[PDB]
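model.txt follows; it contains compact mmCIF, C-alpha atoms.
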# COMPACT_ATOMS: atom_id res chain seq x y z
CA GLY A 27 237.79 15.42 84.52
CA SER A 28 234.64 16.92 86.05
CA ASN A 29 234.97 18.98 82.90
CA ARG A 30 234.06 15.80 80.99
CA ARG A 31 231.02 15.64 83.24
CA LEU A 32 230.09 19.18 82.10
CA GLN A 33 230.46 18.29 78.42
CA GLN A 34 228.13 15.36 79.01
CA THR A 35 225.62 17.49 80.81
CA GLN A 36 225.47 19.95 77.98
CA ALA A 37 224.88 17.22 75.46
CA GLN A 38 222.12 15.90 77.74
CA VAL A 39 220.40 19.25 77.45
CA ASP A 40 220.95 19.97 73.77
CA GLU A 41 219.27 16.66 73.27
CA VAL A 42 216.19 17.63 75.28
CA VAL A 43 216.01 21.06 73.65
CA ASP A 44 215.73 19.47 70.24
CA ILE A 45 213.17 17.00 71.56
CA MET A 46 211.06 19.77 72.97
CA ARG A 47 211.24 21.98 69.87
CA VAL A 48 209.57 19.20 68.01
CA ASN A 49 207.01 18.82 70.75
CA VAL A 50 206.24 22.55 70.65
CA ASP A 51 205.75 22.15 66.93
CA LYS A 52 203.36 19.27 67.48
CA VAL A 53 201.47 21.48 69.92
CA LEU A 54 201.18 24.29 67.40
CA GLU A 55 199.61 21.89 64.95
CA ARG A 56 197.28 20.94 67.87
CA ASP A 57 196.38 24.52 68.87
CA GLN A 58 195.60 25.09 65.15
CA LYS A 59 193.19 22.13 64.99
CA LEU A 60 191.05 23.72 67.75
CA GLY B 189 247.50 31.35 81.34
CA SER B 190 246.84 27.75 82.40
CA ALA B 191 245.85 28.70 85.99
CA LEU B 192 243.42 31.50 85.08
CA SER B 193 242.59 30.34 81.58
CA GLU B 194 241.50 26.84 82.72
CA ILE B 195 239.00 28.84 84.67
CA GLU B 196 237.95 31.38 82.05
CA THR B 197 237.26 28.49 79.66
CA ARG B 198 235.33 26.55 82.30
CA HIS B 199 233.47 29.76 82.96
CA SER B 200 232.66 30.34 79.27
CA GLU B 201 231.47 26.75 78.91
CA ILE B 202 229.08 27.33 81.78
CA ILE B 203 227.42 30.28 80.07
CA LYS B 204 226.89 28.01 77.12
CA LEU B 205 225.20 25.58 79.48
CA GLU B 206 223.03 28.24 81.10
CA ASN B 207 221.77 29.61 77.82
CA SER B 208 220.82 26.12 76.86
CA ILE B 209 218.91 25.72 80.03
CA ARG B 210 217.39 29.09 79.54
CA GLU B 211 215.99 28.06 76.19
CA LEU B 212 214.97 24.69 77.47
CA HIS B 213 213.07 26.26 80.36
CA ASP B 214 211.52 28.82 78.06
CA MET B 215 210.21 26.03 75.89
CA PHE B 216 208.79 24.27 78.96
CA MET B 217 206.99 27.35 80.03
CA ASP B 218 205.42 28.21 76.70
CA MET B 219 204.48 24.56 76.36
CA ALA B 220 202.42 24.68 79.55
CA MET B 221 201.01 28.09 78.60
CA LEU B 222 199.63 26.61 75.43
CA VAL B 223 198.29 23.37 76.85
CA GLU B 224 196.68 25.43 79.58
CA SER B 225 194.97 27.57 76.92
CA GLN B 226 194.08 24.62 74.74
CA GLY B 227 192.49 22.84 77.69
CA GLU B 228 190.10 25.75 77.87
CA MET B 229 189.03 25.67 74.21
CA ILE B 230 188.59 21.91 74.62
CA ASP B 231 186.18 22.02 77.54
CA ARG B 232 184.10 24.34 75.28
CA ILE B 233 183.90 21.59 72.68
CA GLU B 234 182.82 19.50 75.68
CA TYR B 235 180.03 22.09 76.20
CA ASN B 236 179.14 22.08 72.48
CA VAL B 237 179.06 18.29 72.31
CA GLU B 238 177.28 17.53 75.60
CA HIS B 239 174.48 19.80 74.30
CA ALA B 240 174.23 18.47 70.73
CA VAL B 241 173.88 15.04 72.42
CA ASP B 242 171.02 16.02 74.75
CA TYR B 243 169.28 17.65 71.80
CA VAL B 244 169.39 14.86 69.18
CA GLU B 245 169.04 12.04 71.75
CA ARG B 246 165.86 13.61 73.19
CA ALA B 247 164.53 14.30 69.65
CA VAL B 248 164.13 10.57 68.79
CA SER B 249 162.46 8.49 71.58
CA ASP B 250 158.86 7.42 70.67
CA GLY C 24 142.76 54.96 74.80
CA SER C 25 144.96 51.84 74.57
CA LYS C 26 148.54 53.09 75.31
CA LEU C 27 150.69 50.22 73.95
CA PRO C 28 153.16 51.46 71.32
CA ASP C 29 155.69 50.90 74.12
CA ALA C 30 155.57 47.10 73.95
CA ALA C 31 156.86 47.73 70.40
CA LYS C 32 159.71 49.73 71.93
CA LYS C 33 160.26 47.17 74.75
CA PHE C 34 160.58 44.26 72.35
CA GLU C 35 162.47 46.22 69.65
CA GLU C 36 165.02 47.08 72.35
CA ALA C 37 165.25 43.36 73.21
CA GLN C 38 165.80 42.49 69.53
CA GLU C 39 168.75 44.86 69.21
CA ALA C 40 170.05 43.20 72.39
CA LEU C 41 170.10 40.00 70.31
CA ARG C 42 171.81 41.81 67.40
CA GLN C 43 174.44 43.03 69.89
CA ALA C 44 175.05 39.58 71.45
CA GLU C 45 175.78 37.55 68.33
CA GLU C 46 177.14 40.10 65.76
CA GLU C 47 179.64 41.43 68.33
CA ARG C 48 180.42 37.94 69.66
CA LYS C 49 181.20 37.08 66.02
CA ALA C 50 183.53 40.11 65.65
CA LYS C 51 185.32 39.41 68.98
CA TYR C 52 186.00 35.79 67.95
CA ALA C 53 187.46 36.99 64.63
CA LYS C 54 190.13 39.19 66.30
CA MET C 55 191.10 36.66 69.00
CA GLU C 56 191.71 34.07 66.33
CA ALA C 57 193.97 36.40 64.37
CA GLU C 58 195.77 37.61 67.51
CA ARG C 59 196.48 34.14 68.86
CA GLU C 60 197.76 33.19 65.37
CA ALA C 61 200.07 36.10 66.11
CA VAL C 62 201.05 34.47 69.35
CA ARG C 63 201.50 31.19 67.51
CA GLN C 64 203.86 32.82 65.10
CA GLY C 65 205.63 34.98 67.66
CA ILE C 66 206.82 31.90 69.43
CA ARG C 67 207.31 29.91 66.24
CA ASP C 68 209.99 32.48 65.38
CA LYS C 69 211.30 32.44 68.96
CA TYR C 70 212.45 28.92 68.27
CA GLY C 71 212.50 28.88 64.47
CA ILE C 72 210.20 26.06 63.34
CA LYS C 73 208.59 26.34 59.83
CA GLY D 139 239.17 27.04 96.40
CA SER D 140 237.89 23.45 96.50
CA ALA D 141 234.82 24.40 98.71
CA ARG D 142 233.63 26.75 96.05
CA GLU D 143 234.04 24.26 93.23
CA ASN D 144 232.69 21.43 95.37
CA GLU D 145 229.40 23.37 95.61
CA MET D 146 229.65 23.99 91.88
CA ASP D 147 230.20 20.38 91.09
CA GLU D 148 227.29 19.29 93.26
CA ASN D 149 225.02 21.86 91.63
CA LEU D 150 225.83 20.50 88.22
CA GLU D 151 225.33 16.97 89.36
CA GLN D 152 222.01 18.01 90.70
CA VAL D 153 221.08 19.70 87.45
CA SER D 154 222.22 16.87 85.28
CA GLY D 155 219.84 14.80 87.30
CA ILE D 156 216.84 16.91 86.64
CA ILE D 157 217.68 17.18 83.00
CA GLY D 158 217.32 13.45 83.05
CA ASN D 159 213.75 13.85 84.23
CA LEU D 160 212.91 16.47 81.73
CA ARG D 161 214.13 14.18 78.97
CA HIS D 162 211.60 11.58 79.80
CA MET D 163 208.95 14.20 80.31
CA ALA D 164 209.66 15.53 76.85
CA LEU D 165 209.61 12.18 75.10
CA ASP D 166 206.36 11.27 76.76
CA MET D 167 204.56 14.43 75.83
CA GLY D 168 205.67 13.97 72.23
CA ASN D 169 204.47 10.42 71.66
CA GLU D 170 201.28 11.17 73.62
CA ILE D 171 200.43 14.37 71.91
CA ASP D 172 200.78 12.74 68.52
CA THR D 173 198.24 10.30 69.80
CA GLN D 174 195.83 13.12 70.62
CA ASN D 175 196.53 14.88 67.35
CA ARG D 176 195.46 11.67 65.73
CA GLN D 177 192.28 11.74 67.85
CA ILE D 178 191.52 15.30 66.82
CA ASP D 179 191.99 14.38 63.16
CA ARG D 180 189.26 11.78 63.68
CA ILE D 181 186.86 14.19 65.36
CA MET D 182 187.29 16.70 62.49
CA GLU D 183 186.29 13.99 59.95
CA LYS D 184 183.26 12.94 62.03
CA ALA D 185 181.93 16.48 62.59
CA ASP D 186 182.22 17.16 58.83
CA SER D 187 180.18 13.97 58.26
CA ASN D 188 177.47 15.08 60.76
CA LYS D 189 177.36 18.49 59.08
CA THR D 190 176.39 16.77 55.85
CA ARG D 191 174.06 14.38 57.75
CA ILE D 192 172.04 16.91 59.80
CA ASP D 193 171.65 19.17 56.75
CA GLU D 194 170.23 16.49 54.37
CA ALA D 195 168.16 15.28 57.39
CA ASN D 196 166.15 18.45 58.19
CA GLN D 197 165.66 18.82 54.39
CA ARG D 198 163.60 15.59 54.46
CA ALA D 199 161.81 16.39 57.77
CA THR D 200 160.66 19.86 56.66
CA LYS D 201 160.22 18.45 53.13
CA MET D 202 157.57 16.22 54.76
CA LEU D 203 155.77 19.30 56.24
CA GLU E 10 250.31 41.65 88.33
CA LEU E 11 249.80 38.13 89.77
CA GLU E 12 247.94 39.65 92.78
CA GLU E 13 245.23 40.99 90.41
CA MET E 14 245.16 37.69 88.46
CA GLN E 15 244.00 35.76 91.56
CA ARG E 16 241.48 38.35 92.63
CA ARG E 17 240.18 38.40 89.04
CA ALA E 18 239.99 34.62 88.99
CA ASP E 19 238.08 34.61 92.24
CA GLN E 20 235.37 36.86 90.75
CA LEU E 21 235.15 34.91 87.55
CA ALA E 22 234.67 31.74 89.61
CA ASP E 23 231.92 33.22 91.77
CA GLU E 24 230.06 34.44 88.68
CA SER E 25 230.11 30.92 87.42
CA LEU E 26 228.89 29.59 90.72
CA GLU E 27 226.01 32.00 90.84
CA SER E 28 225.13 30.70 87.39
CA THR E 29 224.90 27.12 88.62
CA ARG E 30 222.46 28.45 91.27
CA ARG E 31 220.58 30.21 88.48
CA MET E 32 220.60 27.16 86.25
CA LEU E 33 219.02 25.35 89.13
CA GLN E 34 215.90 27.50 89.65
CA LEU E 35 215.44 27.36 85.92
CA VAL E 36 215.43 23.60 85.81
CA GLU E 37 213.17 23.32 88.84
CA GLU E 38 210.57 25.57 87.26
CA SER E 39 210.87 23.69 83.98
CA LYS E 40 210.03 20.45 85.77
CA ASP E 41 207.11 21.84 87.66
CA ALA E 42 206.00 23.20 84.31
CA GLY E 43 206.53 19.77 82.75
CA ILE E 44 204.42 18.03 85.34
CA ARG E 45 201.57 20.50 85.24
CA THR E 46 201.79 20.37 81.44
CA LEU E 47 201.25 16.64 81.64
CA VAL E 48 198.47 16.64 84.18
CA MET E 49 196.69 18.88 81.78
CA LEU E 50 197.34 16.76 78.69
CA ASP E 51 196.21 13.64 80.56
CA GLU E 52 192.81 14.91 81.75
CA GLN E 53 192.46 16.56 78.33
CA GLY E 54 192.85 13.00 77.01
CA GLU E 55 189.85 11.89 79.02
CA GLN E 56 187.70 14.77 77.85
CA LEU E 57 188.57 14.08 74.21
CA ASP E 58 187.67 10.43 74.56
CA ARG E 59 184.30 11.56 75.88
CA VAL E 60 184.02 13.93 72.93
CA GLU E 61 184.78 11.08 70.53
CA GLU E 62 182.03 8.98 72.21
CA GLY E 63 179.64 11.89 71.75
CA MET E 64 180.40 12.01 68.01
CA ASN E 65 179.80 8.27 67.81
CA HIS E 66 176.38 8.43 69.54
CA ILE E 67 175.47 10.83 66.78
CA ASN E 68 176.71 8.36 64.14
CA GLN E 69 174.35 5.78 65.71
CA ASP E 70 171.17 7.91 65.95
CA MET E 71 171.43 9.49 62.49
CA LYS E 72 171.95 5.93 61.24
CA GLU E 73 168.44 5.22 62.62
CA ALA E 74 167.14 8.10 60.43

Show me the file's structure as structure tokens.
Amino acid sequence: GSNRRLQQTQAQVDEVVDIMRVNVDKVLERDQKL
Amino acid sequence: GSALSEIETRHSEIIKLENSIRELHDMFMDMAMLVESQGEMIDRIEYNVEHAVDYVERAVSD
Amino acid sequence: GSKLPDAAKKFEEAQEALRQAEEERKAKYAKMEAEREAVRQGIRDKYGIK
Amino acid sequence: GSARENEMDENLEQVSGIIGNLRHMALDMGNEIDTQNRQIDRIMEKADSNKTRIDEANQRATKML
Amino acid sequence: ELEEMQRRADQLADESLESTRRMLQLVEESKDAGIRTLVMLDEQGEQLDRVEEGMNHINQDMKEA
């Protein structure tokens, strides 16, 4: 039930986490270039 | 059992969720921390450029 | 008589002021680079990119 | 005790919301940064070219006098 | 036996609730952080464009030499 809504939420995060990792990476490449 | 367990498992699952947020947040902080710092370096290349411009520009006009 | 070996000491003291500025400013930039590469790695591990 | 959970459930809703926002925020940064990283790649090529240009330049100017 | 099960359960539930609260501050801060992060990247975009223009002006002048 609302449990299903918690599963969903978690997914929604785990997604963003991955996204951001990659972005942090990008930024490291950036910080390096300076 | 099913009374208390249904809880305990919901509870567990929440910790999973928190730790995910924790990480996420952590990433968001560091992110800012870096772009803050990088901004600074950059405005120094603004200083270095703005100068090099004034110099070469002024060293041509006759 | 003339009393100006000091101007040699005034300006030689200036010139070591110049040596201090740029040779130290070069050393300070070297360590900050290395130590922010440390920071860069520290976090890289924190999240495990490669 | 439904009151307890009801606060719980509304906290999670609220969260889930914000995680929405952060998604977008993430994606945007990404695509945009790449853009800038591209821009920086350019600037590095140009500065290297003006290194070579200002060096051969003063060699002719002081080679004149 | 069952008396201690329900007390137990009540504490476990509160702990969880307090976590939702805790999740929430986290996410708030992350957003603020996100926004600020972006403001920065955006104005940094401007600056860089100005820096690119600078490097171009050089390309033009040294072309005159």

Between E:32, E:27, E:68, E:54, smallest distance to chain B by all atoms listed in the file belongs to E:32

- Task: Output the contact residues of chain C with respect to chain A at a cut-off of 8 Å, based on only C-alpha atoms, as a VMD selection string.
- Result: chain C and resid 63 67 70 72

Find, counting only C-alpha atoms, the residue in D:182, D:150, D:192, D:167 that gets nearest to residue 53 in chain A.
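Ranked by minimum distance to residue 53 in chain A, first place goes to D:167.
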
* **Gap from CA of residue 188 in chain D to CA of residue 67 in chain E - Å, one decimal** =>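 Taking CA of residue 188 in chain D and CA of residue 67 in chain E, their separation equals 7.6 Å.
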
- Message: Taking all atoms listed in the file into account and nothing else, which residues of chain B lie no more than 12 Å away from chain C? Please answer as a ChimeraX atom specification.
- Response: /B:211-212,214-215,217-219,221-222,225-226,229

Open item on the list: For a quick test of understanding: name the residues of chain D lying within 12 Å of chain A when counting all atoms listed in the file, and present them as a PyMOL selection string.
Closed with: chain D and resi 143-144+146-183

Counting all atoms listed in the file, which residues from chain E have an atom at most 6 Å from any atom of chain B, and could you show them as an MDAnalysis selection string? chainID E and resid 25 32 39 46

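Here CA of residue 33 in chain E stands at a distance of 23.4 Å from CA of residue 194 in chain B.
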
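The spacing separating CA of residue 191 in chain D from CA of residue 71 in chain E amounts to 7.3 Å.
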
Would you mind completing range 189-200 of chain B to N, CA, C and O atoms and writing the output as an mmCIF file, keeping the file's coordinate frame?
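File selection-v5.cif, as written:
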data_model
loop_
_atom_site.group_PDB
_atom_site.id
_atom_site.type_symbol
_atom_site.label_atom_id
_atom_site.label_comp_id
_atom_site.auth_asym_id
_atom_site.auth_seq_id
_atom_site.Cartn_x
_atom_site.Cartn_y
_atom_site.Cartn_z
ATOM 1 N N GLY B 189 247.361 32.654 82.069
ATOM 2 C CA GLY B 189 247.500 31.350 81.340
ATOM 3 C C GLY B 189 246.933 30.222 82.174
ATOM 4 O O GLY B 189 246.025 30.443 82.984
ATOM 5 N N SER B 190 247.485 29.023 81.977
ATOM 6 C CA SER B 190 246.840 27.750 82.400
ATOM 7 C C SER B 190 246.099 27.791 83.760
ATOM 8 O O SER B 190 245.041 27.199 83.880
ATOM 9 N N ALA B 191 246.621 28.477 84.766
ATOM 10 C CA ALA B 191 245.850 28.700 85.990
ATOM 11 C C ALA B 191 244.492 29.383 85.707
ATOM 12 O O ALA B 191 243.408 28.782 85.828
ATOM 13 N N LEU B 192 244.585 30.649 85.318
ATOM 14 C CA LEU B 192 243.420 31.500 85.080
ATOM 15 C C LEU B 192 242.610 31.115 83.841
ATOM 16 O O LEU B 192 241.381 31.166 83.850
ATOM 17 N N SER B 193 243.288 30.743 82.771
ATOM 18 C CA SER B 193 242.590 30.340 81.580
ATOM 19 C C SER B 193 241.706 29.142 81.904
ATOM 20 O O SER B 193 240.514 29.201 81.641
ATOM 21 N N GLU B 194 242.278 28.069 82.473
ATOM 22 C CA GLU B 194 241.500 26.840 82.720
ATOM 23 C C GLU B 194 240.181 27.234 83.312
ATOM 24 O O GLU B 194 239.145 26.640 83.016
ATOM 25 N N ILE B 195 240.228 28.249 84.164
ATOM 26 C CA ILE B 195 239.000 28.840 84.670
ATOM 27 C C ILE B 195 238.212 29.489 83.545
ATOM 28 O O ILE B 195 237.210 28.953 83.099
ATOM 29 N N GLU B 196 238.669 30.639 83.082
ATOM 30 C CA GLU B 196 237.950 31.380 82.050
ATOM 31 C C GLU B 196 237.216 30.493 81.053
ATOM 32 O O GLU B 196 236.079 30.778 80.704
ATOM 33 N N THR B 197 237.876 29.433 80.589
ATOM 34 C CA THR B 197 237.260 28.490 79.660
ATOM 35 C C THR B 197 236.162 27.688 80.368
ATOM 36 O O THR B 197 235.088 27.516 79.819
ATOM 37 N N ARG B 198 236.411 27.197 81.577
ATOM 38 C CA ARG B 198 235.330 26.550 82.300
ATOM 39 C C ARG B 198 234.166 27.528 82.441
ATOM 40 O O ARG B 198 233.005 27.181 82.250
ATOM 41 N N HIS B 199 234.486 28.757 82.776
ATOM 42 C CA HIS B 199 233.470 29.760 82.960
ATOM 43 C C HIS B 199 232.645 29.924 81.671
ATOM 44 O O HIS B 199 231.428 29.724 81.679
ATOM 45 N N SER B 200 233.303 30.277 80.574
ATOM 46 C CA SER B 200 232.660 30.340 79.270
ATOM 47 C C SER B 200 231.716 29.172 79.036
ATOM 48 O O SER B 200 230.529 29.364 78.803
#
